[PDB]
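Shown next, in structure tokens, is the structure this report addresses.
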Amino acid sequence: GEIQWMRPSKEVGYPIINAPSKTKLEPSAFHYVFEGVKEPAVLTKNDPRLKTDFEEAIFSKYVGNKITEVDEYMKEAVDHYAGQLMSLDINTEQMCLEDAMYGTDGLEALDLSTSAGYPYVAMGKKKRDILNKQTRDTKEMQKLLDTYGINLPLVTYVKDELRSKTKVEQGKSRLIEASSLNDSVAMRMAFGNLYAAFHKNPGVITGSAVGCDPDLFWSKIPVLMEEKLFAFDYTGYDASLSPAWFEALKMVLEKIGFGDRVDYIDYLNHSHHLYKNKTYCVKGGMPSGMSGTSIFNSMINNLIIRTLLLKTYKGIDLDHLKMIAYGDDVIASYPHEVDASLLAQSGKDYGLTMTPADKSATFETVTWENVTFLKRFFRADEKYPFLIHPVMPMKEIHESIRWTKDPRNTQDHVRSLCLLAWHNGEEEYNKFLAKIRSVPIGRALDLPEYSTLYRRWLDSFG
RNA sequence: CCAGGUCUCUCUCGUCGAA
RNA sequence: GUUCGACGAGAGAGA
């Protein structure tokens, strides 16, 4: 993805966007108990911690496009993936305005406590001034649809969140692109039946993990993979996507009965963004905050492995490839081992910079012992081998607890951590419970015991 | 005082409804 | 007491 141009807003006719410069993360009563290195990431340009220039570094993700045409491999992959997607047999209908607004079977409601996007943000209007979950009133929305129409500029926000050290002084913060209420609704009316069918079909069929619940679905996964495994990591997936991939996506969309709306995709590689007092244009790159960015990023990953397979292993049957993607994250298998190192090579020739799985330094064979999905390991239960635990290493469960946004929520924060932590096992779980109860409000919490989480975990298959 | 995207899953709270 | 459902708000994690 390339920035095509960028200039002061006041002379493109777009308003100056004012954004907060103070983080909402204060240290917690557990800050000095556990250990960890992550500070809140950089928000403004004057941050005392900075090594480099701010603005220069956060837009650095926009690599520059690489391809423009869909080649014979991409074209091939398209038919296979689309071919595969066909068995799903998924409703091609437009979704009605009421649904796409207020939720329906497979799709939640719009998020009524987040920005409404341009123009509303600057006109002083929140989603709740337009939406009402009780009345379920379209109309006033339909108005603002007819006024402002669609294809509006995104509002670019710095993401308020904890981040490693090397990435703070290096100013490698993350950017949010707030979709306009108007486009979210439009997008959902066009694709909110596609959305629902990926949501209810996570697996090697869709090649997507959206909708799945790792507590349960971790057991279905070994079953679905083939013999030898392969996997990698990406350096800035969303921003490295060249427009040609949007074309391969649209072909797949065309193939399965979405012909009409497939020009909506164009609104994604070509797009306009508002950032404080400037305005800019970007060609390529999937923007953060659109509707469906989760699902589209997955589909394109499914296409990236099929292409890079065909390319690098000349003569290969794609029907024996089982994968699941969650955006750029992915778990992947094959009958015979494949060399992720080769793909990474024959792959920068597509704009994608690939690396080894789990911040490794060398493409090592992928085993059920060192593989991760959604930052969790796989470990079979001692007493019941067929039931797999998703295991998140305590390292960054630690990092999350040393910090809060509102101490009034400490009970809920920590109890969520416990539901993640216990899969490490009774020892480390109680070990953890011990360091929590060693400050006054630690002792006061209401925390479950290993036995209670283990019982319930098992019951949840019954 | 507020400001800060799209989703997915879970948990907690509050409402009405259930022998 | 607790369970169960529907519907609203909060929060955590993951992409």
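If you're wondering about the labels, chains in the structure tokens are A, B, ... by order shown, residues count from 1 in each chain, ligands from 1 in order shown.
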At most 6 Å to chain B: residues in chain A, only C-alpha atoms (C1' of nucleotides), as a ChimeraX atom specification: /A:176-178,210-211,213,289-291,412,416
Per residue of chain C within 6 Å of chain A, note the shortest atom pair and the distance in Å to one decimal, counting only C-alpha atoms (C1' of nucleotides), and order the rows by chain and increasing residue number, as JSON lines.
```
{"residue": "C:12", "atom": "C1'", "partner": "A:416", "partner_atom": "CA", "distance": 5.3}
{"residue": "C:14", "atom": "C1'", "partner": "A:374", "partner_atom": "CA", "distance": 5.7}
{"residue": "C:15", "atom": "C1'", "partner": "A:326", "partner_atom": "CA", "distance": 5.6}
```
With N, CA and C atoms (P, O5', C5', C4', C3', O3' and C1' of nucleotides) retained, could you export that selection as a PDB file, in the first residue's frame?
```pdb
ATOM      1  P     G C  12     -10.755  -3.566  30.055  1.00  0.00           P
ATOM      2  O5'   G C  12     -10.609  -5.150  30.176  1.00  0.00           O
ATOM      3  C5'   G C  12      -9.466  -5.782  30.731  1.00  0.00           C
ATOM      4  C4'   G C  12      -9.474  -7.258  30.408  1.00  0.00           C
ATOM      5  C3'   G C  12      -8.841  -7.616  29.082  1.00  0.00           C
ATOM      6  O3'   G C  12      -7.444  -7.675  29.179  1.00  0.00           O
ATOM      7  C1'   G C  12     -10.880  -8.775  29.299  1.00  0.00           C
ATOM      8  P     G C  14      -4.044 -10.530  23.854  1.00  0.00           P
ATOM      9  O5'   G C  14      -4.719 -11.304  22.628  1.00  0.00           O
ATOM     10  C5'   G C  14      -4.652 -12.710  22.474  1.00  0.00           C
ATOM     11  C4'   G C  14      -5.491 -13.152  21.302  1.00  0.00           C
ATOM     12  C3'   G C  14      -5.230 -12.399  19.998  1.00  0.00           C
ATOM     13  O3'   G C  14      -4.124 -12.931  19.276  1.00  0.00           O
ATOM     14  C1'   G C  14      -7.552 -12.455  20.430  1.00  0.00           C
ATOM     15  P     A C  15      -3.192 -11.987  18.367  1.00  0.00           P
ATOM     16  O5'   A C  15      -4.134 -11.667  17.128  1.00  0.00           O
ATOM     17  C5'   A C  15      -4.188 -12.577  16.042  1.00  0.00           C
ATOM     18  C4'   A C  15      -5.262 -12.199  15.074  1.00  0.00           C
ATOM     19  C3'   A C  15      -5.028 -10.953  14.234  1.00  0.00           C
ATOM     20  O3'   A C  15      -4.202 -11.199  13.110  1.00  0.00           O
ATOM     21  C1'   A C  15      -7.205 -10.900  15.127  1.00  0.00           C
TER      22        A C  15
END
```
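Between residue C:13 and the candidates A:227, A:396, A:99, A:160, the tightest atom-to-atom separation, counting only C-alpha atoms (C1' of nucleotides), involves A:396.
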Residue A:425 environment, 10 Å, only C-alpha atoms (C1' of nucleotides), sequence neighbours closer than 6 positions dropped, as JSON, numbers by chain: {"A": [381, 389, 391, 431, 450, 454]}
A:462, A:64, A:48, A:315 ranked by distance to residue A:283, top pick (using only C-alpha atoms): A:64
DSSP strand (DSSP E or B) selection over stretch 286-363 of chain A, as a ChimeraX atom specification: /A:289,322-326,329-334,354-356
Between atom CA of residue A:57 and atom CA of residue A:171, distance in Å (one decimal): 6.1 Å
Coordinates-based distance that separates atom CA of residue A:14 from atom CA of residue A:112 (Å, one decimal):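 Computing it gives 24.8 Å between the two atoms.
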Spatial neighbours of residue A:93, max dist 10 Å, only C-alpha atoms (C1' of nucleotides), sep filter under 2 positions, as a PyMOL selection string: chain A and resi 90-91+95-96+189-194+257-258
Would you save the residues of that selection, restricted to N, CA and C atoms, as a PDB file, in the first residue's frame?
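File written: selection27.pdb
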```
ATOM      1  N   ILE A  90     -24.148 -20.281   0.439  1.00  0.00           N
ATOM      2  CA  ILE A  90     -24.469 -19.188   1.352  1.00  0.00           C
ATOM      3  C   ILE A  90     -25.319 -18.099   0.724  1.00  0.00           C
ATOM      4  N   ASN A  91     -26.365 -17.697   1.447  1.00  0.00           N
ATOM      5  CA  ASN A  91     -27.311 -16.672   0.975  1.00  0.00           C
ATOM      6  C   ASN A  91     -26.652 -15.429   0.372  1.00  0.00           C
ATOM      7  N   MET A  95     -28.854  -7.717   2.759  1.00  0.00           N
ATOM      8  CA  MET A  95     -29.410  -7.700   4.108  1.00  0.00           C
ATOM      9  C   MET A  95     -30.189  -6.401   4.292  1.00  0.00           C
ATOM     10  N   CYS A  96     -31.351  -6.500   4.931  1.00  0.00           N
ATOM     11  CA  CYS A  96     -32.227  -5.344   5.074  1.00  0.00           C
ATOM     12  C   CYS A  96     -31.636  -4.356   6.074  1.00  0.00           C
ATOM     13  N   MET A 189     -25.320  -4.103   4.688  1.00  0.00           N
ATOM     14  CA  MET A 189     -26.490  -4.431   3.871  1.00  0.00           C
ATOM     15  C   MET A 189     -26.051  -5.251   2.671  1.00  0.00           C
ATOM     16  N   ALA A 190     -24.901  -4.901   2.108  1.00  0.00           N
ATOM     17  CA  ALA A 190     -24.335  -5.682   1.010  1.00  0.00           C
ATOM     18  C   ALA A 190     -23.774  -7.045   1.431  1.00  0.00           C
ATOM     19  N   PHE A 191     -23.067  -7.125   2.564  1.00  0.00           N
ATOM     20  CA  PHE A 191     -22.319  -8.353   2.886  1.00  0.00           C
ATOM     21  C   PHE A 191     -22.717  -9.062   4.195  1.00  0.00           C
ATOM     22  N   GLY A 192     -23.748  -8.564   4.879  1.00  0.00           N
ATOM     23  CA  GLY A 192     -24.096  -9.103   6.186  1.00  0.00           C
ATOM     24  C   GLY A 192     -24.750 -10.471   6.180  1.00  0.00           C
ATOM     25  N   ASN A 193     -24.638 -11.193   5.077  1.00  0.00           N
ATOM     26  CA  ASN A 193     -25.186 -12.537   4.996  1.00  0.00           C
ATOM     27  C   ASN A 193     -24.021 -13.413   4.638  1.00  0.00           C
ATOM     28  N   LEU A 194     -22.963 -12.761   4.183  1.00  0.00           N
ATOM     29  CA  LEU A 194     -21.698 -13.422   3.967  1.00  0.00           C
ATOM     30  C   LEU A 194     -21.016 -13.498   5.337  1.00  0.00           C
ATOM     31  N   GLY A 257     -21.510 -15.186  -6.186  1.00  0.00           N
ATOM     32  CA  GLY A 257     -22.806 -14.542  -6.250  1.00  0.00           C
ATOM     33  C   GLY A 257     -22.934 -13.218  -5.530  1.00  0.00           C
ATOM     34  N   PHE A 258     -21.914 -12.371  -5.640  1.00  0.00           N
ATOM     35  CA  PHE A 258     -21.949 -11.064  -4.992  1.00  0.00           C
ATOM     36  C   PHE A 258     -21.561 -10.004  -5.995  1.00  0.00           C
TER      37      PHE A 258
END
```
DSSP alpha helix (DSSP H) selection over stretch 35-78 of chain A, as a ChimeraX atom specification: /A:54-58,72-78
Coordinates-based distance that separates atom CA of residue A:164 from atom CA of residue A:25 (Å, one decimal): 14.5 Å
Please identify all polymer residues within 10 Å of residue A:336, counting only C-alpha atoms (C1' of nucleotides), omitting same-chain residues fewer than 5 positions from it, and present them as a compact mmCIF listing (two decimals) with N, CA and C atoms, in the first residue's frame.
```txt
# COMPACT_ATOMS: atom_id res chain seq x y z
N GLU A 226 -3.77 -31.86 8.42
CA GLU A 226 -3.12 -33.00 7.78
C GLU A 226 -1.87 -33.34 8.57
N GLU A 227 -0.98 -34.14 8.00
CA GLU A 227 0.19 -34.61 8.75
C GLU A 227 1.15 -33.51 9.19
N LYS A 228 2.18 -33.27 8.39
CA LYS A 228 3.20 -32.30 8.74
C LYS A 228 2.65 -30.86 8.71
N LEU A 229 3.15 -30.02 9.61
CA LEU A 229 2.61 -28.67 9.73
C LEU A 229 3.55 -27.62 9.11
N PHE A 230 2.98 -26.46 8.77
CA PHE A 230 3.79 -25.30 8.42
C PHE A 230 3.07 -24.04 8.88
N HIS A 320 -5.51 -31.08 -0.83
CA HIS A 320 -4.90 -31.67 0.35
C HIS A 320 -4.31 -30.62 1.30
```
Top pick for closest residue to residue A:85, considering A:299, A:384, A:365, A:331 and counting only C-alpha atoms: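 Distance minimum relative to residue A:85 lands on A:299.
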